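K.L.:
Experimental coordinates follow, after the sequence.
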Amino acid sequence: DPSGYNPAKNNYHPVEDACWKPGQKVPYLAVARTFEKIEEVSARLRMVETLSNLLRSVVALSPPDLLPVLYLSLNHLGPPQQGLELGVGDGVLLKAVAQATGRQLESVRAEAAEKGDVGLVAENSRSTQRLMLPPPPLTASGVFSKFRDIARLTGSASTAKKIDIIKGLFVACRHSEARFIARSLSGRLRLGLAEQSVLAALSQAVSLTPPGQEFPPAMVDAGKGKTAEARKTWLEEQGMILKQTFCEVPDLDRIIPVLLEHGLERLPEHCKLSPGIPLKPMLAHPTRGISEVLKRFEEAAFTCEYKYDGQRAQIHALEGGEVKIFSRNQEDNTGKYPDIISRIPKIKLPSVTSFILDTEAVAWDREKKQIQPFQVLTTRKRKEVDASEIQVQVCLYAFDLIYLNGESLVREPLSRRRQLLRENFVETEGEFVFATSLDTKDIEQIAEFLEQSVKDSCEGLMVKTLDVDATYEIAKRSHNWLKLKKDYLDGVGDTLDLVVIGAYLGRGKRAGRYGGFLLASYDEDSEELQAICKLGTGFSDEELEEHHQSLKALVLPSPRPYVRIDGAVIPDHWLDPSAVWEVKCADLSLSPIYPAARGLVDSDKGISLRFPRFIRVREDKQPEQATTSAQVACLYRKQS
Amino acid sequence: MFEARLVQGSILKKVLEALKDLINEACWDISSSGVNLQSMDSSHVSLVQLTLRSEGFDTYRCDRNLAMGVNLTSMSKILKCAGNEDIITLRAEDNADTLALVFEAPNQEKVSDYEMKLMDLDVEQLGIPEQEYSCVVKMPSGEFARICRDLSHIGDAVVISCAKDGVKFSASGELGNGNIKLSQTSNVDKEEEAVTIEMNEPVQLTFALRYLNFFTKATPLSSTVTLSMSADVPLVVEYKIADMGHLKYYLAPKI
Amino acid sequence: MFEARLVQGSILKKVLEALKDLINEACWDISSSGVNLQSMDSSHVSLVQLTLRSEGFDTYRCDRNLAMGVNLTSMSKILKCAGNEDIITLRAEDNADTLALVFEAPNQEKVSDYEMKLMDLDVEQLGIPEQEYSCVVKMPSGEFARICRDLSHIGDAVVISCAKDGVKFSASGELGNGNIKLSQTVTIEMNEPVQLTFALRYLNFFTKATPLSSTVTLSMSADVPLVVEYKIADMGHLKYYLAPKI
Amino acid sequence: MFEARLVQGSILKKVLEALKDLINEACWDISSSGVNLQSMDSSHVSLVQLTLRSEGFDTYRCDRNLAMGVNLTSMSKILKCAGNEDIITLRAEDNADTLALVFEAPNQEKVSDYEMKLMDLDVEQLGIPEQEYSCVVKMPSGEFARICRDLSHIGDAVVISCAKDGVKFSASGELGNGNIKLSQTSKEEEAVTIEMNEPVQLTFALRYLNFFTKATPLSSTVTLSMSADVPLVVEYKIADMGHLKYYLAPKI
Amino acid sequence: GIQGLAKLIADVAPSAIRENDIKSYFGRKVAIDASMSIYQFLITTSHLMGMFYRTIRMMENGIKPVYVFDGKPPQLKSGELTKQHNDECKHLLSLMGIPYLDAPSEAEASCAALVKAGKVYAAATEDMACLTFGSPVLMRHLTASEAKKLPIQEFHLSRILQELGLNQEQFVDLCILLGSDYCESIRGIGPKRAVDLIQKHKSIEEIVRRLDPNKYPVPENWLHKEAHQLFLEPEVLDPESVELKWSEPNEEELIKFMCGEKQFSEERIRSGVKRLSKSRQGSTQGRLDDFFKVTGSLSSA
DNA sequence: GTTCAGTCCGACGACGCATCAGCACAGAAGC
DNA sequence: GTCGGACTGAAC
DNA sequence: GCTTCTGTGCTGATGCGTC
Ligand SMILES: *O=P([O])([O])O[C][C]1O[C](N2[C]=NC3=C2N=[C]N=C3[N])[C]([O])[C]1[O]
């Protein structure tokens, strides 16, 4: 009986407190009960505890059901290098609910908008559509099989096939599994816990109850007799072993099977890094200015780098001559740049066999011999690998070395890495170059190189240490390199002052209030408001509550004719424009969807804000006094 | 080892086409008695059962009981590639991985052949009991087909209510509501064109128009069909394919 | 209270198949005289008049005039069900938001009824004056329709020429030009010669009504809206009015 | 300049409708002997030879030899607006800028005319030598089209086989292979006759056959000719007036 | 133009505001104020480039433009506190076959006089002064460029006046008080006040005398009188003194000088004079209300 | 011993290639 | 991309 | 000629991958 299944009970026993017999496929109902117990809890370490409890139960009763229940909590459908994705829209889910509950679409949309959650409305309702056979209860293996089938089934009339399968899963719910299936299909599982925390709950479970025990499990608490603190010290050093083992090779399909059949301490003996498998790339931390860099790197001798506005690429060259290219978010993007694969005979020196390197790829002008913006790259085609007719050329900027000729280098100082990078490759002007780096601690050259970068078409500054914390290993700290943004380095940036025109209802944590906004500039040569962006970030909880409480009475049932919108999301409410909110922008860009500033530079393409952020409610103004589209164009010109 | 020749291949065309829309993969069991096809839909809402008997075949010879897993799409298209009047001969031997179809023309000069790839298939078998039914109606195939083809536009589900005076359909939705009260064809027994009702107790229920639109595809096999309705029971729709067989459908209600 | 019965239900199918397309939403005026309906099109470049006198109704009662606004795409979808020879009967209450319909098959077996939702719709109405047309052509609708289709295949501007000696239709497109003629063997009546131009971007929408009547009449005068008229049995007729292309 | 009249306008209606999906523009060459049109397709893989001999029409008058570039889609949009039973007439001048098409109905209540814009085109002319094709077959056209409609449904390539008393079409793909069997007949309302020399087997694109198939109402009997690796000749005999000959490349 | 009155209408009576699209105005003669139009055309041949291309664009959809130039401007509060480029526009009107009128004063008054006397169906301007001058129909935003989408906004003075019930003088006073170019108004009472105060006090003179606090800043020199008589009977020409006729446009005369004085794309200008000329084969289709009178409206219960 | 200091997690945003749905009509097939 | 948000640790 | 539909694109609408 899983209907009272309680993992919140103190001292869980891996076999005695479960609700299925061993050898059986794990009942998805228990996974749903456990997700409902996790969301009821706020404390993060208590959530990792409850997930570790359940991972321990699975490896005690049904070890083969491990791999799916990870993805039932991790929401992912496979290694990102394969390219598998669910490919279902939230509209499709809302129509499937309407079919399986028999309720008409307008009412369900209105309920889902007032609650902000498809999983809540999946319950409290029935279609009375009684089948002749009450359905078989779903397994976690079965749930995963049906989700990968939704990912696989495509082609003409595919939304019928998807609707059918989703109907079938939905009518097979018993008590409360439906809410979590509704979440599961959106890519928005809202579990309150993610990759690092599932890896932690896993590490705790596999340390408490190792694989290779026969049933009934001979050992359940490998920490027995130790004090909880020294237990925690053993747990966390083992957890660091797991995290590093996960970092050197991203995919659980190489980790979890060998974890069962060899055990957790001997993992690194088999799991060596090699060209042809991608690896987790470094992240960056937002810092405002050079005193902060100097306190962060006081003992650390560091060097300076341009932040180029390109795409991150890892190159993985095998000795047999096949070479692959991978993005930040792990996907195989090779065949976007087959001409680079044609360039490989000339790039490496004749004395080397294979390598792994990291590079920023930027489109390059052949006769102009200059950089071009990210808006150039984003329009690059993706599916066809046709190198005969090439439209947009590319040049490479190096910024780190991983692997050379059969030696791993991730563990090493950036000094020896960059030395071996330079001493073991040839530069090719217009094809591939080192990023220029200046090797000093004086603030003047740093703010000089800042100016040189912002005038050499780059975003900001990158800072890296040569040896102190310099190594590639994410698990110690993910953010070993620093991003120095122009955004607050100027003290105040491209501030703009925009009128409210419309609001979006809140969802998730934001539900029961507003959750997004639409804003306008003023067009005085028409006396009308041009929609310029959607605002959704940078307002705090209680100032959001103040924005809602000010807007509640300000609605209008109709669109007032003073609005201009097109293609952009039709708002949930129309608002009379009575206040202005100062906001911040990171870049102006030529929106193919927004009307504002159309024809002041390009005829049809309007203008909108890269990376918009709210700042302050400008309570004293009148609406027409706000920013004009002519100023907006002036700023755009000033960007070049 | 199987061989089965039948003169009117048109029935075989009609039944494959009429089944395609509801299921893509199904199994025949072939035995020396004849052929059966039981199958379930992916929603597991609508169950279908076809039965053929050897005396309906002209030249029937099965020695070993063989299951054929077949994708409806490829074989439906193969019979779209055939004439109505053509004499059709299925052939295979023990553990044959390929299904042979012979098509015979009335000109003697044309004798076409098509090979279909078989495939592995496992299907769930369910045992629906024969029983009394509270209401039974015989209707011309056209009249029920038209009623449903119409009412598909007025709503999504139909509230049926059979009685001794006449069977009622009724529905409601986006544009209004719509009722059809077929009476019983009582004073003149035309047989070929009659509506007939027999009822021990009235039954009233609700059903899905998508699947009724999927069911009605077998209307060209017979000028009439029979409906069995009973309280809380899956609707039985039956198509008596002359003296070669029966095709039956169960519909899970919307109670 | 509204109650009208009509054995010729099959014409209502044919009427609603033509009215729906040029006017998605329209209003009948129901009177002691019978049923009528007038409305203009989108550009205000054409209008329709439907006339049906109470004489042809198998039973009629009406205590006062009634104005009913209805979406004609809804009535077309409804009547895409009703049978090709059914008796059609219309009913309405004193202040209802719904119209009742009752359909009886000839064989008495399939008996149907419906109750549609009304919508509030007030539309402008134009009172056409009585007049004589310098040209009247009376001729089979089936050739007229084919000629209009054949000409808008090439170009949208049509010239219609009417005189004692014959009818002519002239048009041209980016590919070149064409002329069609009809000989008195079609019947023409005239007082003064007339020649005018119109848009086939309405005449090929007009010629939908081919099933409503076996023949059409064209009424024309200098600088006057062309009238295209179809008879409805004895019970009434349908007219279209099209502004000229000056 | 010339003038030409034929009572059976449907003949030229079908003559056009057969070509409309092969080539959008072509040079019609008109001379005192008759009308010729030789052209390749939009892809060089095939050729057409359409010939109508002058004595085949009811009235012919050509005094100056002339070739016009013609938009075939345009003339399709012309003739679609006329009944099949009407008398056709065509007139052309020496200054080839407009052609006059005239429609004379059998009910003389309607006679009509259209003037069409001409164009200048130079078709790449070629020489088609007559040759003894190692296999040739004559058959009724309606089933030959059905066979093509069937085989192209399962795949995009077809293989012919031509033996001394047996011809077969074959096509293979994901859902299997379909074989169509032809045995010679030797009298009935229609017959299939084989003029064999040596046995052969060839391959052809079912797509271009799916376009060729629109010529079926123009003839009862269609004749197909081939050798080793030469193109398939397909002739529709257009009365005692002339012929429509396709030439389709064999797939390697 | 009068401040904020479009806002008052768009909040109180959107029903007389009709959003419509360019091809709905076929056949229409339109009385264009040349002054505001050439002013936006300047925003050195750009004033001519808009004067050419916008005129073409109007001609394409059956619209016949009537350019009206200014005369003596009245005693503006700002202006009473050059025609090289103006007559440059008069040059190509004759050279492209479009008429030029010269008003005795602000051309918006003479455009409104033309509309209110049946000679023309709509105007072309952005300022509501023409509605206040008595024009029953105002058509606005037409003169915008091809990319700036701007569907064309009708205003219906008759419907506005009917819905509030407040007469033409009781609309002139609204405009003056709501903030004209002729004087300042009372900056102490909100723009929303105008409809309600006119409903309660249907004149500026009755409106000021009832409430005399220090918080009500009536104009220091109270020109809320003189503008009322100006908008009642402005200095305008006789409409029937000029029978409008649209002539054959020149095929070459403009282009022989056009690329010559201001080097610009030959192909755009030559195609422009072709397309505008071909649109004159249209302008043809008419409307039934011109043939048959409106008996009225019939209202469902 | 608590006002900091850092993690980590998901709130939200803007573009754009792909890729499939939804009319819409010629077209052919079916009759 | 980016900003806020709740909570354990930081360590005085 | 009529039927419903099929095979036909063309244009519109989001999902998901950059950042
Ligand atoms: O955290 P953010 O996304 O703001 O920054 C990381 C992002 O910056 C880009 N990048 C440009 N140049 C780089 C670089 N990363 C690392 N080194 C150099 N030299 C790249 O798109 C990163 O993902």
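P.N.:
Thanks, I have it. Numbers count the residues shown, from 1 in each chain, chains lettered A, B, ... in the order given.
K.L.:
Correct me if wrong, but residue A:312 is in a helix.
P.N.:
No - counting by DSSP: H, G, I helix; E, B strand; the rest coil, residue A:312 is not found in a helix; it is strand.
K.L.:
Can you name the residues that contact it?
P.N.:
Residue A:312 makes contact with A:281, A:327, A:328, A:358, A:359, A:360, A:361 under the criterion Cβ atoms under 8 Å, 6 or more residues apart in numbering or on different chains. (C-beta placed from N, C-alpha, C; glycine too.)
K.L.:
what subset of those is also close to DNA strand F?
P.N.:
Residues of those in contact with DNA strand F (Cβ under 7 Å from any atom of the strand): none.
K.L.:
Select only the buried ones of these in ChimeraX?
P.N.:
Applying 16 or more other Cβ atoms under 10 Å in any protein chain shown to the contacts of residue A:312, the buried members can be selected in ChimeraX as follows:
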select /A:281,327,358,359,360,361
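K.L.:
Tabulate the contacts of residue A:312 (TSV), appending distance to chain C and secondary structure.
P.N.:
Below are the contacts of residue A:312 laid out as TSV (distance: Cβ to the nearest Cβ, whole Å; DSSP: H, G, I helix; E, B strand; the rest coil):
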residue	distance to chain C	secondary structure
A:281	58	coil
A:327	50	coil
A:328	52	coil
A:358	59	strand
A:359	55	strand
A:360	53	strand
A:361	49	strand
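K.L.:
Quick check: of the contacts of residue A:312, which lies closest to DNA strand G?
P.N.:
Among the contacts of residue A:312, residue A:328 lies closest to DNA strand G (Cβ to the nearest atom of the strand), at 6.2 Å.
K.L.:
quick one on the thing from earlier: could you dump the contacts of residue A:312 into TSV with distance to residue B:88 added?
P.N.:
Output for the contacts of residue A:312, formatted as TSV (distance: Cβ to Cβ, whole Å):
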residue	distance to residue B:88
A:281	63
A:327	56
A:328	60
A:358	65
A:359	65
A:360	66
A:361	61
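K.L.:
Among the contacts of residue A:312, which one sits closest to residue A:290?
P.N.:
residue A:360 (22.9 Å; Cβ to Cβ).
K.L.:
and the closest one, what is it in contact with?
P.N.:
Here residue A:360 is in contact with A:308, A:310, A:311, A:312, A:313, A:396, A:397, A:399, A:435 (Cβ under 8 Å, 6+ apart).
K.L.:
count of neighbours near residue 241?
P.N.:
Looking at chain A here, since you left the chain open. Counted with other Cβ atoms under 10 Å in any protein chain shown, the neighbours of residue A:241 add up to 17.
K.L.:
Let me rephrase: I mean chain E.
P.N.:
7.
K.L.:
mind checking how far the residue in chain B positioned nearest to DNA strand G is from residue A:160?
P.N.:
DNA strand G sits closest to residue B:42 of chain B, with a gap of 36.6 Å, by Cβ to the nearest atom of the strand. Using Cβ to Cβ, to the nearest Å, one gets 10 Å for the distance from residue B:42 to residue A:160.
K.L.:
Residue B:228 now?
P.N.:
29 Å.
K.L.:
Give the residue from these two that has the larger number of neighbours.
P.N.:
More crowded of residue B:228 and residue A:160, by other Cβ under 10 Å: residue B:228, with 20 against 10.
K.L.:
Any idea what that one is bridged to?
P.N.:
residue B:136, residue B:236 (DSSP bridges).
K.L.:
List, one by one, the residues from the stretch 201-350 of chain A near DNA strand H.
P.N.:
A:311, A:312, A:327, A:328, A:329, A:331, A:333.
K.L.:
closest to residue E:261 among those?
P.N.:
residue A:311 (50.5 Å).
K.L.:
before we move on, back to that, can you classify the residue of chain B closest to DNA strand G as helix, strand or coil?
P.N.:
Residue B:42 ends up coil, using three-state DSSP.
K.L.:
can I assume residue A:484 sits in a helix?
P.N.:
No - counting by three-state DSSP, residue A:484 is not part of a helix but strand.
K.L.:
which residues does it form a beta bridge with?
P.N.:
With DSSP bridges as the criterion, residue A:484 is bridged to residue A:287, residue A:461.
K.L.:
quick one, what contacts residue A:414?
P.N.:
Going by Cβ under 8 Å, 6+ apart, residue A:414 touches A:303, A:400, A:464, A:465, A:466, A:467, A:470.
K.L.:
hmm, back to that, pull the most distant pair out of the contacts of residue A:360.
P.N.:
A:311 and A:435 (14.6 Å).
K.L.:
what's the distance between the residue nearest to the residue of chain B closest to DNA strand G when sequence neighbours are not counted and residue A:569?
P.N.:
In space, and not counting its chain neighbours, residue B:42 is closest to residue A:164: 5.0 Å by Cβ to Cβ, 6 or more residues apart in numbering or on different chains. Distance, residue A:164 to residue A:569, by Cβ to Cβ: 29 Å.
K.L.:
which of those two has more neighbours?
P.N.:
residue A:164 (16 against 12).
K.L.:
Could you tell me how many residues sit around the residue of the stretch 351-500 of chain A found nearest chain E?
P.N.:
Closest approach between the stretch 351-500 of chain A and chain E, counting by Cβ to the nearest Cβ: residue A:499, at 14.0 Å. Residues lying near residue A:499 (other Cβ under 10 Å) number 24.
K.L.:
Would you map out the domains in the chain?
P.N.:
Going with chain A. A:12-75+A:194-269, A:90-186, A:284-489, A:494-638 (automatic domain parsing).
K.L.:
Can you look at chain E instead?
P.N.:
E:1-13+E:163-218, E:22-150.
K.L.:
closest to residue B:116 out of those domains?
P.N.:
It is, among the domains of chain E and with distance given as Cβ to Cβ, domain E:22-150, at 57.6 Å.
K.L.:
Where does residue A:351 sit: helix, strand or coil?
P.N.:
Residue A:351 - assigned by three-state DSSP - is coil.
K.L.:
likewise residue A:51?
P.N.:
Per three-state DSSP, residue A:51 ends up helix.
K.L.:
So what does the residue in the stretch 201-301 of chain E that chain C sits nearest to have for phi and psi?
P.N.:
Nearest to chain C, among the residues of the stretch 201-301 of chain E, is residue E:295, at 3.6 Å (Cβ to the nearest Cβ). Main-chain torsions, residue E:295, degrees, to the nearest 10: phi -70, psi -40.
K.L.:
tell me the contacts of it?
P.N.:
Per Cβ under 8 Å, 6+ apart, neighbours of residue E:295: C:125, C:126, C:127.
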